[PDB]
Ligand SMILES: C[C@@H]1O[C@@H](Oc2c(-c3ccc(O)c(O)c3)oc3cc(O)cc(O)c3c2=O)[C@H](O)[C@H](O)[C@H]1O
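The data below hold one chain only, encoded as structure tokens and taken in the form deposited without the ligand.
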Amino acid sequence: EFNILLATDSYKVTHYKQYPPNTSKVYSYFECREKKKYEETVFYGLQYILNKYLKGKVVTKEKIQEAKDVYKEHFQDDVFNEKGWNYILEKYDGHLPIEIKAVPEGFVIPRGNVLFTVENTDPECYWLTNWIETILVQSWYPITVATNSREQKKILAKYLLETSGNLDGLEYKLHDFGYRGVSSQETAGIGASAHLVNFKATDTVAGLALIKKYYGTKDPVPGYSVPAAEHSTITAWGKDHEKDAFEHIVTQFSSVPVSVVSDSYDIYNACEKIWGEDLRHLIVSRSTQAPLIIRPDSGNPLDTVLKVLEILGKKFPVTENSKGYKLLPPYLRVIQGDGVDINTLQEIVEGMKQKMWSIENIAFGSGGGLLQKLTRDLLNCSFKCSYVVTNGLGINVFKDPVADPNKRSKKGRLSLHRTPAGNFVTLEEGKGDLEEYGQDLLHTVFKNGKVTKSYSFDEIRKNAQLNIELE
């Protein structure tokens, strides 16, 4: 079972001995620090952490003794704050005397703004605020995935609109294939849920269970998939029977959309000769609601996409849409699910536009690129102490390393506000109290062991909408 006393960085165990004596309050904040592009971030994921790990009775006699035993060996010394944890157990029935205030989930906030703050609600628990830094800071991951997914949605929307005149199907143009490429089952659920903030296309099922348990949607599920082959379901038929495999699978799934990986031996032969001649009759008869979706999976992603399109365009009846771009017949589409990250996504749609192919023809699958190839320094997600009270006097505190101005942290009590032009500003030094900038956008979401405000996944999606979607 999860033990909050064993869910921190080891050195934090020793910090209760290092703060200034007579310190009654430690107040800390999280930002995605600005760096001298990712100019705005989606706040998403805190609610999951609050519910799974921080709420309710998280301290027990047994958990205290377990931690004491572990730390005695780990440190080869007794340095553990057994008294402090006992106090929380006795006074608060093991609920954390902590208050967390946060921007609403799904909100899209420029870099360098406070997104949440943390403080102890009992003077004895000054040490507790930063104890939970480690667990709260992991919110960087759903924030970063949601943000990066949204940034790719902006690219897709831009090119789709330019090449087609609309945004139909935008929410299915980036399909999560990342389940096998992430570091764990838990990460898979979290990351998949973050992508779903922006899109509805996914193969990472763990996402759906997380959303149902922690957020909830009006619809039965937040995300969807369609039948698709993998290489094993093609190669199992034998090298000489790729066509038999193709035929069997599109016939099995004749009335729904079906993706068929086509590069097992020779992607270009498969498109030109197998799909384009041998089995053409099984493709052109298909419904508009059930296209064949041809899937290349190797080679340079842009070059292979263009070559596949060029091949298919000469074997199938292509039209020119009202924008002047080429469109495959409705029963035939393509998905590129290899080598896709935000960078190659951009290169591919731009290459397509250059060769006069509509973005309507294509969708993208991304796995590692989407859910794994991201770190905490992408958005400089960071948690810092900005305010303490020592001997009954509050002091504004911060770091400001001489060699790196980018690492300077904010000072004092913080609040988030709308600017007169409708943007965001973070007020420092408790200046929000002057009430010159309207209401604080942070809300209490956790206080003394209870989750005090929650958002549905539907609200989060609404908050995270693109401007182009609003317009």
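One-based numbering along the sequence shown.
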Discussion item. Going by the PDB record, how many residues of the deposited sequence fall between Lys36 and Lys37 without any coordinates: none, 1 to 3, 4 to 9, or 10 or more?
Written reply: 4 to 9
Worksheet item: On average, which has the higher Cα B-factor in the deposited entry, 195-203 or 95-103?
Response: 95-103
Worksheet item: If you average the Cα B factors in the entry, which is higher, 311-319 or 336-344?
Response: 311-319
Fill in: Out of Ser264, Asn120, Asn166, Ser232, highest CA B-factor residue
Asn166
Practice prompt. Sort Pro420, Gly56, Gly45, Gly412 by C-alpha B-factor from the entry and give me just the highest.
Written response: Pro420
Worksheet, complete the sentence: So, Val305's CA B-factor, relative to its chain, sits in which third? The highest
Practice prompt. Select lowest, middle or highest to describe the third in which the CA B-factor of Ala67 falls within its chain in this entry.
Written response: middle
Discussion item. When the deposited Cα B-factors of this chain's modelled residues are ordered and cut into thirds, is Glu436 in the lowest, the middle or the highest one?
Written reply: highest
Practice prompt. Would you mind checking where the Cα B-factor of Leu5 ranks among the modelled residues of its chain, as the lowest, middle or highest third?
Written response: middle
Discussion item. For the chain shown, is the CA B-factor of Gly368 in the lowest, middle or highest third of its modelled residues?
Written reply: middle
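Beyond the structure shown, there is the form solved in complex with the ligand, which is absent from this document and is the topic of what follows.
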Worksheet item: Honest question, do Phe107, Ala146 and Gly207 all end up within 4.5 Å of the ligand in the deposited bound form by heavy atom distance?
Response: no
Response to the item:
From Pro291, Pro301, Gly189, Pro142: within 4.5 Å of the ligand in the deposited bound form by heavy atoms is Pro291
Fill in: Listed residue (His248, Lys323, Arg333, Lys307) with a non-hydrogen atom within 4.5 angstroms of the ligand in the deposited bound form
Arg333
Item to complete: Determine which one of 310-318, 267-275, 217-225, 147-155 lies within 4.5 Å of the ligand in the deposited bound form, judging by heavy atom distances; exactly one does.
Response: 217-225
Worksheet item: Is the gap between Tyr172 and the ligand in the deposited bound form 4.5 Å or less for some heavy atom pair?
Response: yes
Worksheet item: Is the gap between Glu119 and the ligand in the deposited bound form 4.5 Å or less for some heavy atom pair?
Response: no
Worksheet item: According to a 4.5 angstroms non-hydrogen atom cut-off, is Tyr159 in contact with the ligand in the deposited bound form?
Response: no
Discussion item. Quick check on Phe177: any heavy atom within 4.5 Å of the ligand in the deposited bound form?
Written reply: yes
Worksheet, complete the sentence: Across 357-371, the residues having a non-hydrogen atom within 4.5 Å of the ligand in the deposited bound form turn out to be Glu360, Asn361, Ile362, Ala363
